[PDB]
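Trainee: The structure file coords-v2.pdb (PDB, C-alpha atoms) is provided below.
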```
ATOM      1  CA  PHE A   1     -22.692 -20.022  61.662  1.00  0.00           C
ATOM      2  CA  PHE A   2     -21.509 -21.747  64.875  1.00  0.00           C
ATOM      3  CA  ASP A   3     -22.190 -21.593  68.642  1.00  0.00           C
ATOM      4  CA  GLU A   4     -19.889 -21.920  71.683  1.00  0.00           C
ATOM      5  CA  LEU A   5     -17.551 -24.952  71.728  1.00  0.00           C
ATOM      6  CA  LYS A   6     -17.785 -27.361  74.682  1.00  0.00           C
ATOM      7  CA  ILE A   7     -16.355 -30.567  76.203  1.00  0.00           C
ATOM      8  CA  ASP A   8     -19.029 -32.438  78.138  1.00  0.00           C
ATOM      9  CA  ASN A   9     -18.698 -32.611  81.900  1.00  0.00           C
ATOM     10  CA  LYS A  10     -19.709 -36.211  81.825  1.00  0.00           C
ATOM     11  CA  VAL A  11     -17.003 -38.500  80.533  1.00  0.00           C
ATOM     12  CA  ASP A  12     -17.884 -41.882  79.011  1.00  0.00           C
ATOM     13  CA  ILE A  13     -15.918 -44.689  80.695  1.00  0.00           C
ATOM     14  CA  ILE A  14     -14.661 -47.192  78.091  1.00  0.00           C
ATOM     15  CA  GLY A  15     -14.716 -50.328  80.282  1.00  0.00           C
ATOM     16  CA  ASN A  16     -18.197 -50.182  81.898  1.00  0.00           C
ATOM     17  CA  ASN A  17     -20.252 -47.902  79.629  1.00  0.00           C
ATOM     18  CA  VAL A  18     -21.213 -45.310  82.193  1.00  0.00           C
ATOM     19  CA  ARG A  19     -21.716 -41.592  81.641  1.00  0.00           C
ATOM     20  CA  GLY A  20     -20.830 -39.529  84.680  1.00  0.00           C
ATOM     21  CA  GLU A  21     -18.011 -37.353  86.006  1.00  0.00           C
ATOM     22  CA  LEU A  22     -14.470 -38.679  85.848  1.00  0.00           C
ATOM     23  CA  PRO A  23     -13.899 -41.082  88.771  1.00  0.00           C
ATOM     24  CA  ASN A  24     -11.847 -39.810  91.692  1.00  0.00           C
ATOM     25  CA  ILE A  25     -10.211 -43.182  92.323  1.00  0.00           C
ATOM     26  CA  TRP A  26      -8.170 -44.203  89.253  1.00  0.00           C
ATOM     27  CA  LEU A  27      -6.996 -47.521  87.831  1.00  0.00           C
ATOM     28  CA  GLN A  28      -3.833 -46.968  85.810  1.00  0.00           C
ATOM     29  CA  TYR A  29      -4.257 -47.085  82.051  1.00  0.00           C
ATOM     30  CA  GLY A  30      -7.994 -46.850  82.259  1.00  0.00           C
ATOM     31  CA  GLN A  31      -9.372 -44.882  79.315  1.00  0.00           C
ATOM     32  CA  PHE A  32     -12.397 -42.757  78.397  1.00  0.00           C
ATOM     33  CA  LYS A  33     -14.014 -40.726  75.589  1.00  0.00           C
ATOM     34  CA  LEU A  34     -14.511 -36.963  75.904  1.00  0.00           C
ATOM     35  CA  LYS A  35     -17.526 -35.433  74.166  1.00  0.00           C
ATOM     36  CA  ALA A  36     -16.698 -32.198  72.356  1.00  0.00           C
ATOM     37  CA  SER A  37     -19.533 -30.154  70.863  1.00  0.00           C
ATOM     38  CA  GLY A  38     -19.875 -26.822  69.064  1.00  0.00           C
ATOM     39  CA  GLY A  39     -17.731 -25.066  66.487  1.00  0.00           C
ATOM     40  CA  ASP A  40     -17.601 -26.416  62.976  1.00  0.00           C
ATOM     41  CA  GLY A  41     -17.888 -29.819  64.604  1.00  0.00           C
ATOM     42  CA  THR A  42     -14.383 -30.900  63.589  1.00  0.00           C
ATOM     43  CA  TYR A  43     -12.199 -31.446  66.629  1.00  0.00           C
ATOM     44  CA  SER A  44      -8.526 -31.837  67.406  1.00  0.00           C
ATOM     45  CA  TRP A  45      -7.265 -33.088  70.769  1.00  0.00           C
ATOM     46  CA  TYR A  46      -4.158 -32.280  72.780  1.00  0.00           C
ATOM     47  CA  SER A  47      -2.721 -33.220  76.162  1.00  0.00           C
ATOM     48  CA  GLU A  48      -0.499 -30.667  77.832  1.00  0.00           C
ATOM     49  CA  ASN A  49       1.261 -33.254  79.966  1.00  0.00           C
ATOM     50  CA  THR A  50       1.422 -36.817  78.629  1.00  0.00           C
ATOM     51  CA  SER A  51       3.237 -38.111  81.710  1.00  0.00           C
ATOM     52  CA  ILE A  52      -0.046 -37.688  83.597  1.00  0.00           C
ATOM     53  CA  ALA A  53      -2.336 -38.592  80.660  1.00  0.00           C
ATOM     54  CA  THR A  54      -2.917 -39.036  76.911  1.00  0.00           C
ATOM     55  CA  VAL A  55      -5.648 -38.243  74.337  1.00  0.00           C
ATOM     56  CA  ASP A  56      -6.213 -39.462  70.764  1.00  0.00           C
ATOM     57  CA  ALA A  57      -7.681 -37.879  67.599  1.00  0.00           C
ATOM     58  CA  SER A  58     -11.169 -39.075  68.582  1.00  0.00           C
ATOM     59  CA  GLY A  59     -10.912 -37.851  72.143  1.00  0.00           C
ATOM     60  CA  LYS A  60     -10.275 -41.190  73.826  1.00  0.00           C
ATOM     61  CA  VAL A  61      -8.185 -40.343  76.914  1.00  0.00           C
ATOM     62  CA  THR A  62      -5.817 -42.765  78.645  1.00  0.00           C
ATOM     63  CA  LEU A  63      -4.612 -42.162  82.202  1.00  0.00           C
ATOM     64  CA  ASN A  64      -0.866 -42.796  82.353  1.00  0.00           C
ATOM     65  CA  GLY A  65       0.393 -41.052  85.449  1.00  0.00           C
ATOM     66  CA  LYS A  66      -0.935 -39.676  88.701  1.00  0.00           C
ATOM     67  CA  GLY A  67      -1.488 -35.936  88.605  1.00  0.00           C
ATOM     68  CA  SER A  68      -3.410 -33.053  87.051  1.00  0.00           C
ATOM     69  CA  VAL A  69      -3.324 -32.254  83.358  1.00  0.00           C
ATOM     70  CA  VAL A  70      -5.173 -30.131  80.739  1.00  0.00           C
ATOM     71  CA  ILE A  71      -6.599 -31.960  77.698  1.00  0.00           C
ATOM     72  CA  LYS A  72      -7.603 -29.427  75.057  1.00  0.00           C
ATOM     73  CA  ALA A  73      -9.884 -29.428  72.069  1.00  0.00           C
ATOM     74  CA  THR A  74      -9.804 -27.054  69.135  1.00  0.00           C
ATOM     75  CA  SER A  75     -12.368 -26.760  66.368  1.00  0.00           C
ATOM     76  CA  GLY A  76     -12.232 -25.752  62.741  1.00  0.00           C
ATOM     77  CA  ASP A  77     -13.704 -22.320  63.348  1.00  0.00           C
ATOM     78  CA  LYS A  78     -10.655 -21.810  65.583  1.00  0.00           C
ATOM     79  CA  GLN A  79     -12.102 -22.030  69.130  1.00  0.00           C
ATOM     80  CA  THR A  80     -10.362 -23.948  71.927  1.00  0.00           C
ATOM     81  CA  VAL A  81     -11.765 -25.589  75.049  1.00  0.00           C
ATOM     82  CA  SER A  82      -9.775 -27.037  77.937  1.00  0.00           C
ATOM     83  CA  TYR A  83     -11.008 -29.949  80.050  1.00  0.00           C
ATOM     84  CA  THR A  84      -9.044 -30.070  83.285  1.00  0.00           C
ATOM     85  CA  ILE A  85      -8.179 -33.432  84.897  1.00  0.00           C
ATOM     86  CA  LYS A  86      -8.080 -33.418  88.750  1.00  0.00           C
ATOM     87  CA  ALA A  87      -5.537 -35.260  90.917  1.00  0.00           C
ATOM     88  CA  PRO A  88      -7.256 -38.491  92.093  1.00  0.00           C
ATOM     89  CA  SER A  89      -7.262 -39.275  95.802  1.00  0.00           C
ATOM     90  CA  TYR A  90      -5.517 -42.491  94.718  1.00  0.00           C
ATOM     91  CA  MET A  91      -4.358 -44.305  91.582  1.00  0.00           C
ATOM     92  CA  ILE A  92      -3.691 -48.031  91.325  1.00  0.00           C
ATOM     93  CA  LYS A  93      -0.615 -49.410  89.512  1.00  0.00           C
ATOM     94  CA  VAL A  94      -0.112 -53.027  88.575  1.00  0.00           C
ATOM     95  CA  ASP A  95       3.515 -54.069  88.973  1.00  0.00           C
ATOM     96  CA  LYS A  96       5.131 -57.451  88.363  1.00  0.00           C
ATOM     97  CA  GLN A  97       4.194 -60.736  89.914  1.00  0.00           C
ATOM     98  CA  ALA A  98       5.805 -61.292  93.377  1.00  0.00           C
ATOM     99  CA  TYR A  99       5.169 -63.176  96.665  1.00  0.00           C
ATOM    100  CA  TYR A 100       3.392 -61.152  99.334  1.00  0.00           C
ATOM    101  CA  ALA A 101       6.410 -59.851 101.273  1.00  0.00           C
ATOM    102  CA  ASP A 102       8.393 -59.472  98.047  1.00  0.00           C
ATOM    103  CA  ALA A 103       5.401 -57.456  96.818  1.00  0.00           C
ATOM    104  CA  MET A 104       4.818 -55.401  99.914  1.00  0.00           C
ATOM    105  CA  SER A 105       8.247 -53.885  99.288  1.00  0.00           C
ATOM    106  CA  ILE A 106       7.940 -53.503  95.508  1.00  0.00           C
ATOM    107  CA  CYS A 107       4.864 -51.375  96.233  1.00  0.00           C
ATOM    108  CA  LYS A 108       6.874 -49.635  98.884  1.00  0.00           C
ATOM    109  CA  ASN A 109       4.533 -50.815 101.642  1.00  0.00           C
ATOM    110  CA  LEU A 110       1.512 -49.274  99.904  1.00  0.00           C
ATOM    111  CA  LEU A 111      -0.677 -52.310  99.054  1.00  0.00           C
ATOM    112  CA  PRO A 112      -4.484 -51.908  99.083  1.00  0.00           C
ATOM    113  CA  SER A 113      -5.360 -51.416 102.758  1.00  0.00           C
ATOM    114  CA  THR A 114      -8.574 -53.420 102.251  1.00  0.00           C
ATOM    115  CA  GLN A 115     -10.555 -55.212  99.608  1.00  0.00           C
ATOM    116  CA  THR A 116     -12.829 -52.208  99.164  1.00  0.00           C
ATOM    117  CA  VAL A 117      -9.894 -50.113  97.946  1.00  0.00           C
ATOM    118  CA  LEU A 118      -9.974 -52.388  94.853  1.00  0.00           C
ATOM    119  CA  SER A 119     -13.608 -53.401  94.292  1.00  0.00           C
ATOM    120  CA  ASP A 120     -14.302 -49.676  94.262  1.00  0.00           C
ATOM    121  CA  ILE A 121     -12.037 -49.406  91.246  1.00  0.00           C
ATOM    122  CA  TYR A 122     -13.937 -52.244  89.546  1.00  0.00           C
ATOM    123  CA  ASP A 123     -17.245 -50.412  90.034  1.00  0.00           C
ATOM    124  CA  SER A 124     -15.726 -47.214  88.694  1.00  0.00           C
ATOM    125  CA  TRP A 125     -13.750 -48.528  85.737  1.00  0.00           C
ATOM    126  CA  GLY A 126     -14.810 -52.128  85.380  1.00  0.00           C
ATOM    127  CA  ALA A 127     -13.112 -55.230  84.041  1.00  0.00           C
ATOM    128  CA  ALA A 128      -9.571 -53.922  83.691  1.00  0.00           C
ATOM    129  CA  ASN A 129      -8.995 -56.044  80.584  1.00  0.00           C
ATOM    130  CA  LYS A 130     -11.610 -53.982  78.780  1.00  0.00           C
ATOM    131  CA  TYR A 131      -8.632 -51.649  78.294  1.00  0.00           C
ATOM    132  CA  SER A 132      -5.749 -51.299  75.827  1.00  0.00           C
ATOM    133  CA  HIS A 133      -2.828 -51.878  78.201  1.00  0.00           C
ATOM    134  CA  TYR A 134      -4.408 -55.064  79.690  1.00  0.00           C
ATOM    135  CA  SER A 135      -6.190 -56.794  76.792  1.00  0.00           C
ATOM    136  CA  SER A 136      -4.058 -59.954  77.045  1.00  0.00           C
ATOM    137  CA  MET A 137      -5.212 -61.034  80.507  1.00  0.00           C
ATOM    138  CA  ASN A 138      -8.180 -63.053  81.835  1.00  0.00           C
ATOM    139  CA  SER A 139      -6.986 -62.437  85.352  1.00  0.00           C
ATOM    140  CA  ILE A 140      -4.903 -60.107  87.537  1.00  0.00           C
ATOM    141  CA  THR A 141      -5.005 -61.400  91.145  1.00  0.00           C
ATOM    142  CA  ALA A 142      -3.850 -58.708  93.588  1.00  0.00           C
ATOM    143  CA  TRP A 143      -2.566 -59.007  97.153  1.00  0.00           C
ATOM    144  CA  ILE A 144      -4.452 -57.155  99.872  1.00  0.00           C
ATOM    145  CA  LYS A 145      -2.600 -55.827 102.889  1.00  0.00           C
ATOM    146  CA  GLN A 146      -2.966 -58.703 105.344  1.00  0.00           C
ATOM    147  CA  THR A 147      -4.886 -58.288 108.596  1.00  0.00           C
ATOM    148  CA  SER A 148      -2.813 -58.610 111.778  1.00  0.00           C
ATOM    149  CA  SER A 149      -4.008 -62.175 112.393  1.00  0.00           C
ATOM    150  CA  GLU A 150      -3.429 -63.235 108.782  1.00  0.00           C
ATOM    151  CA  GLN A 151       0.120 -62.024 109.349  1.00  0.00           C
ATOM    152  CA  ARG A 152       0.713 -64.771 111.908  1.00  0.00           C
ATOM    153  CA  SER A 153      -0.735 -67.382 109.611  1.00  0.00           C
ATOM    154  CA  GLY A 154       1.658 -66.599 106.759  1.00  0.00           C
ATOM    155  CA  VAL A 155      -1.320 -65.854 104.574  1.00  0.00           C
ATOM    156  CA  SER A 156      -3.358 -63.001 103.163  1.00  0.00           C
ATOM    157  CA  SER A 157      -6.424 -62.507 100.976  1.00  0.00           C
ATOM    158  CA  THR A 158      -6.715 -61.276  97.372  1.00  0.00           C
ATOM    159  CA  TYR A 159      -9.066 -59.656  94.841  1.00  0.00           C
ATOM    160  CA  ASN A 160      -8.911 -59.812  91.046  1.00  0.00           C
ATOM    161  CA  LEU A 161      -9.169 -56.767  88.751  1.00  0.00           C
ATOM    162  CA  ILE A 162     -11.106 -58.565  86.054  1.00  0.00           C
ATOM    163  CA  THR A 163     -13.017 -61.344  87.789  1.00  0.00           C
ATOM    164  CA  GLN A 164     -13.620 -59.728  91.206  1.00  0.00           C
ATOM    165  CA  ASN A 165     -12.866 -63.042  92.899  1.00  0.00           C
ATOM    166  CA  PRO A 166     -12.146 -62.269  96.555  1.00  0.00           C
ATOM    167  CA  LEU A 167     -10.035 -65.094  97.883  1.00  0.00           C
ATOM    168  CA  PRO A 168      -8.883 -65.541 101.460  1.00  0.00           C
ATOM    169  CA  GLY A 169      -6.217 -67.629 103.262  1.00  0.00           C
ATOM    170  CA  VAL A 170      -3.572 -67.262 100.562  1.00  0.00           C
ATOM    171  CA  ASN A 171      -0.051 -68.243 101.739  1.00  0.00           C
ATOM    172  CA  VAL A 172       2.195 -65.289 101.243  1.00  0.00           C
ATOM    173  CA  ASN A 173       4.388 -67.513  99.017  1.00  0.00           C
ATOM    174  CA  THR A 174       1.873 -68.400  96.290  1.00  0.00           C
ATOM    175  CA  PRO A 175       3.079 -67.456  92.738  1.00  0.00           C
ATOM    176  CA  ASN A 176       0.906 -65.914  89.981  1.00  0.00           C
ATOM    177  CA  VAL A 177      -0.110 -62.924  92.139  1.00  0.00           C
ATOM    178  CA  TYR A 178       0.546 -59.328  91.063  1.00  0.00           C
ATOM    179  CA  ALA A 179       1.833 -56.645  93.416  1.00  0.00           C
ATOM    180  CA  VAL A 180      -0.780 -53.968  92.812  1.00  0.00           C
ATOM    181  CA  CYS A 181       0.379 -50.549  94.264  1.00  0.00           C
ATOM    182  CA  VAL A 182      -1.730 -47.614  95.442  1.00  0.00           C
ATOM    183  CA  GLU A 183      -0.041 -44.195  95.324  1.00  0.00           C
TER     184      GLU A 183
END
```
Written as structure tokens, that's how I'd like the structure from this file.
Mentor:
Amino acid sequence: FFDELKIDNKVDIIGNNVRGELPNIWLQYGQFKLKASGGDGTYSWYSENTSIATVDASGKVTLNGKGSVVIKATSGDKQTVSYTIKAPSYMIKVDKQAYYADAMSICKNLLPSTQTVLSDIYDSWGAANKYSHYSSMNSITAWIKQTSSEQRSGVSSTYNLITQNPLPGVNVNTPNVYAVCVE
């Protein structure tokens, strides 16, 4: 005989091995295991809006779009338990490689206002290549909105999403630099 079915409040981030509430700042395509308990112990997972996110048979969730969505779990004894996903203050998207100005526009003038905006993601999710969608990369250098003075010097600084290598004085016309957006 079974007892109440639950989905643990604390998610388990795939890329940094940390158990705590779902981060409020999201990297796109980050993923994370949900812990379902109770019932006859046999669980089935379901997203009710893939556009925003996805979940697999084991409960590994993958953030795909910015929004709010309801992942649900159902057991064998026929109980169901929803785990709501809150809209994140911000979510970071990695677009194609482009020069700084060329990028600024791709991201619709929404580049990371500062380095923090990005390092903060690293602390929350970790080395971005510890995820499905990114696996094939050692590095993902990302432009940072340039300070007013950097503007005059045709340069700007950067931060990587895997290596955390903050680099300054980068000419705005240096190739091999992704145009990471922040919506």
Trainee: Given the file shown, determine the residues that the PyMOL selection byres ((chain A and resi 176) around 8) selects; report them as a PyMOL selection string.
Mentor: chain A and resi 97-98+141+174-175+177-178
Trainee: Could you spell out the hits of the PyMOL selection byres ((chain A and resi 35) around 6) on the shown file, as a PDB file with C-alpha atoms, in the coordinates of the input?
Mentor:
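The resulting file, part_12.pdb, is reproduced below:
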```
ATOM      1  CA  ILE A   7     -16.355 -30.567  76.203  1.00  0.00           C
ATOM      2  CA  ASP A   8     -19.029 -32.438  78.138  1.00  0.00           C
ATOM      3  CA  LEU A  34     -14.511 -36.963  75.904  1.00  0.00           C
ATOM      4  CA  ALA A  36     -16.698 -32.198  72.356  1.00  0.00           C
TER       5      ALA A  36
END
```
Trainee: So that I can see what lies close to residue 166 in chain A, please list as a list in words the residues with an atom at most 12 Å from it, counting only C-alpha atoms and leaving out residues fewer than 2 positions away in the same chain.
Mentor: residues 114, 115, 116, 118, 119, 140, 141, 142, 143, 144, 156, 157, 158, 159, 160, 161, 162, 163, 164, 168, 169 and 170 of chain A
Trainee: Would you save the residues of that selection, restricted to C-alpha atoms, as a PDB file, in the frame of the given file?
Mentor:
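Saved file part.pdb follows:
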```pdb
ATOM      1  CA  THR A 114      -8.574 -53.420 102.251  1.00  0.00           C
ATOM      2  CA  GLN A 115     -10.555 -55.212  99.608  1.00  0.00           C
ATOM      3  CA  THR A 116     -12.829 -52.208  99.164  1.00  0.00           C
ATOM      4  CA  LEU A 118      -9.974 -52.388  94.853  1.00  0.00           C
ATOM      5  CA  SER A 119     -13.608 -53.401  94.292  1.00  0.00           C
ATOM      6  CA  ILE A 140      -4.903 -60.107  87.537  1.00  0.00           C
ATOM      7  CA  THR A 141      -5.005 -61.400  91.145  1.00  0.00           C
ATOM      8  CA  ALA A 142      -3.850 -58.708  93.588  1.00  0.00           C
ATOM      9  CA  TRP A 143      -2.566 -59.007  97.153  1.00  0.00           C
ATOM     10  CA  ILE A 144      -4.452 -57.155  99.872  1.00  0.00           C
ATOM     11  CA  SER A 156      -3.358 -63.001 103.163  1.00  0.00           C
ATOM     12  CA  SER A 157      -6.424 -62.507 100.976  1.00  0.00           C
ATOM     13  CA  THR A 158      -6.715 -61.276  97.372  1.00  0.00           C
ATOM     14  CA  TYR A 159      -9.066 -59.656  94.841  1.00  0.00           C
ATOM     15  CA  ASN A 160      -8.911 -59.812  91.046  1.00  0.00           C
ATOM     16  CA  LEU A 161      -9.169 -56.767  88.751  1.00  0.00           C
ATOM     17  CA  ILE A 162     -11.106 -58.565  86.054  1.00  0.00           C
ATOM     18  CA  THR A 163     -13.017 -61.344  87.789  1.00  0.00           C
ATOM     19  CA  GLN A 164     -13.620 -59.728  91.206  1.00  0.00           C
ATOM     20  CA  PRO A 168      -8.883 -65.541 101.460  1.00  0.00           C
ATOM     21  CA  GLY A 169      -6.217 -67.629 103.262  1.00  0.00           C
ATOM     22  CA  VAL A 170      -3.572 -67.262 100.562  1.00  0.00           C
TER      23      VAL A 170
END
```
Trainee: Tell me which of A:87, A:14, A:55, A:107 sits closest to residue 127 in chain A, counting all atoms listed in the file.
Mentor: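 The closest residue to residue 127 in chain A is A:14.
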Trainee: Excluding residue 28 in chain A and residues on its chain fewer than 4 positions from it, collect all residues at most 7 Å away from it, counting all atoms listed in the file, and give them as a compact mmCIF listing (two decimals) with C-alpha atoms, in the frame of the given file.
Mentor:
```txt
# COMPACT_ATOMS: atom_id res chain seq x y z
CA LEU A 63 -4.61 -42.16 82.20
CA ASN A 64 -0.87 -42.80 82.35
CA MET A 91 -4.36 -44.30 91.58
CA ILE A 92 -3.69 -48.03 91.32
CA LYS A 93 -0.62 -49.41 89.51
```
Trainee: At what distance in Å, to one decimal, does CA of residue 181 in chain A lie from CA of residue 32 in chain A?
Mentor: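 Here the two named atoms are 21.8 Å from each other.
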Trainee: Taking 5 positions as the minimum chain separation for residues in the same chain, which residues sit within 9 Å of residue 124 in chain A when counting all atoms listed in the file? Answer as a PyMOL selection string.
Mentor: chain A and resi 13+16+18+23-27+119
Trainee: Please produce an output containing C-alpha atoms for each residue in the selection, written as a JSON list (two decimals), in the coordinates of the input.
Mentor:
```
[["chain", "number", "residue", "atom", "x", "y", "z"],
["A", 13, "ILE", "CA", -15.92, -44.69, 80.69],
["A", 16, "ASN", "CA", -18.20, -50.18, 81.90],
["A", 18, "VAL", "CA", -21.21, -45.31, 82.19],
["A", 23, "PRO", "CA", -13.90, -41.08, 88.77],
["A", 24, "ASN", "CA", -11.85, -39.81, 91.69],
["A", 25, "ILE", "CA", -10.21, -43.18, 92.32],
["A", 26, "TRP", "CA", -8.17, -44.20, 89.25],
["A", 27, "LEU", "CA", -7.00, -47.52, 87.83],
["A", 119, "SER", "CA", -13.61, -53.40, 94.29]]
```
Trainee: Box along x, y and z, 3 Å on every side, all listed atoms of range 52-63 of chain A inside: centre and edge lengths in Å to one decimal, as AutoDock Vina command-line options.
Mentor:
```
--center_x -5.6 --center_y -40.2 --center_z 75.6 --size_x 17.1 --size_y 11.1 --size_z 22.0
```
Trainee: Running the PyMOL selection byres ((chain A and resi 110) around 9) on this model by hand, what would come out? Give it as a PyMOL selection string.
Mentor: chain A and resi 104-109+111-113+145+180-183
Trainee: Kindly give the distance, in Å, that separates CA of residue 39 in chain A and CA of residue 1 in chain A, rounded to a single decimal.
Mentor: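 CA of residue 39 in chain A sits 8.6 Å away from CA of residue 1 in chain A.
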Trainee: Return the single residue from A:117, A:137, A:94, A:167 that is closest to residue 179 in chain A, with distances computed using only C-alpha atoms.
Mentor: A:94
Trainee: Considering only C-alpha atoms, return as a list in words whatever protein or nucleic-acid residues lie within 10 Å of residue 62 in chain A, sequence-local ones (same chain, fewer than 6 positions apart) excluded.
Mentor: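 Counting only C-alpha atoms, the residues come to residues 14, 28, 29, 30, 31, 32, 33, 50, 52, 53, 54, 55, 56, 131, 132 and 133 of chain A.
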Trainee: By how many Å are CA of residue 38 in chain A and CA of residue 68 in chain A apart?
Mentor: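 Taking CA of residue 38 in chain A as the start and CA of residue 68 in chain A as the end point, the length is 25.2 Å.
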Trainee: Kindly indicate which residue among A:172, A:96, A:49, A:74 lies nearest to residue 153 in chain A, using only C-alpha atoms for the distances.
Mentor: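 Using only C-alpha atoms, residue 153 in chain A sits closest to A:172.
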Trainee: With distances taken over only C-alpha atoms, which of A:125, A:46, A:83, A:90 is nearest to residue 65 in chain A?
Mentor: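 Under the stated criterion, the closest residue is A:90.
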Trainee: May I have the residues within 8 Å of residue 130 in chain A as a PyMOL selection string, using all atoms listed in the file and disregarding those fewer than 4 positions away in the same chain?
Mentor: chain A and resi 14-15+126+134-135
Trainee: Write the selection just made, keeping C-alpha atoms, as a PDB file, in the coordinates of the input?
Mentor:
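Written output follows (again-v7.pdb):
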```
ATOM      1  CA  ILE A  14     -14.661 -47.192  78.091  1.00  0.00           C
ATOM      2  CA  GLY A  15     -14.716 -50.328  80.282  1.00  0.00           C
ATOM      3  CA  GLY A 126     -14.810 -52.128  85.380  1.00  0.00           C
ATOM      4  CA  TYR A 134      -4.408 -55.064  79.690  1.00  0.00           C
ATOM      5  CA  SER A 135      -6.190 -56.794  76.792  1.00  0.00           C
TER       6      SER A 135
END
```
Trainee: N, CA, C and O atoms are what I want for range 125-136 of chain A; can you complete it accordingly and write them as an mmCIF file, in the coordinates of the input?
Mentor:
```cif
data_model
loop_
_atom_site.group_PDB
_atom_site.id
_atom_site.type_symbol
_atom_site.label_atom_id
_atom_site.label_comp_id
_atom_site.auth_asym_id
_atom_site.auth_seq_id
_atom_site.Cartn_x
_atom_site.Cartn_y
_atom_site.Cartn_z
ATOM 1 N N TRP A 125 -14.244 -48.280 87.078
ATOM 2 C CA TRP A 125 -13.750 -48.528 85.737
ATOM 3 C C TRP A 125 -14.183 -49.824 85.104
ATOM 4 O O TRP A 125 -14.325 -49.898 83.886
ATOM 5 N N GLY A 126 -14.373 -50.854 85.919
ATOM 6 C CA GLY A 126 -14.810 -52.128 85.380
ATOM 7 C C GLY A 126 -13.710 -53.127 85.108
ATOM 8 O O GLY A 126 -12.572 -52.960 85.555
ATOM 9 N N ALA A 127 -14.059 -54.178 84.375
ATOM 10 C CA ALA A 127 -13.112 -55.230 84.041
ATOM 11 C C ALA A 127 -11.902 -54.594 83.398
ATOM 12 O O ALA A 127 -11.957 -54.183 82.244
ATOM 13 N N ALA A 128 -10.811 -54.527 84.155
ATOM 14 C CA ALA A 128 -9.571 -53.922 83.691
ATOM 15 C C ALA A 128 -9.065 -54.394 82.333
ATOM 16 O O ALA A 128 -8.307 -53.678 81.692
ATOM 17 N N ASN A 129 -9.466 -55.581 81.884
ATOM 18 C CA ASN A 129 -8.995 -56.044 80.584
ATOM 19 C C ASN A 129 -9.857 -55.487 79.461
ATOM 20 O O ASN A 129 -9.701 -55.859 78.301
ATOM 21 N N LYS A 130 -10.781 -54.601 79.804
ATOM 22 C CA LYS A 130 -11.610 -53.982 78.780
ATOM 23 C C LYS A 130 -10.842 -52.745 78.342
ATOM 24 O O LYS A 130 -11.407 -51.825 77.758
ATOM 25 N N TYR A 131 -9.540 -52.747 78.637
ATOM 26 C CA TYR A 131 -8.632 -51.649 78.294
ATOM 27 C C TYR A 131 -7.394 -52.070 77.475
ATOM 28 O O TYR A 131 -6.909 -53.212 77.537
ATOM 29 N N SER A 132 -6.894 -51.111 76.707
ATOM 30 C CA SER A 132 -5.749 -51.299 75.827
ATOM 31 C C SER A 132 -4.553 -51.998 76.476
ATOM 32 O O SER A 132 -4.144 -53.086 76.066
ATOM 33 N N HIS A 133 -4.002 -51.360 77.501
ATOM 34 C CA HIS A 133 -2.828 -51.878 78.201
ATOM 35 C C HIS A 133 -2.940 -53.293 78.792
ATOM 36 O O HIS A 133 -1.913 -53.960 78.962
ATOM 37 N N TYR A 134 -4.167 -53.751 79.073
ATOM 38 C CA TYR A 134 -4.408 -55.064 79.690
ATOM 39 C C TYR A 134 -4.962 -56.208 78.830
ATOM 40 O O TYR A 134 -4.830 -57.379 79.170
ATOM 41 N N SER A 135 -5.608 -55.850 77.736
ATOM 42 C CA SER A 135 -6.190 -56.794 76.792
ATOM 43 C C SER A 135 -5.812 -58.276 76.886
ATOM 44 O O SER A 135 -6.680 -59.146 76.829
ATOM 45 N N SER A 136 -4.523 -58.567 77.010
ATOM 46 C CA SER A 136 -4.058 -59.954 77.045
ATOM 47 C C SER A 136 -4.270 -60.785 78.311
ATOM 48 O O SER A 136 -3.777 -61.910 78.398
#
```
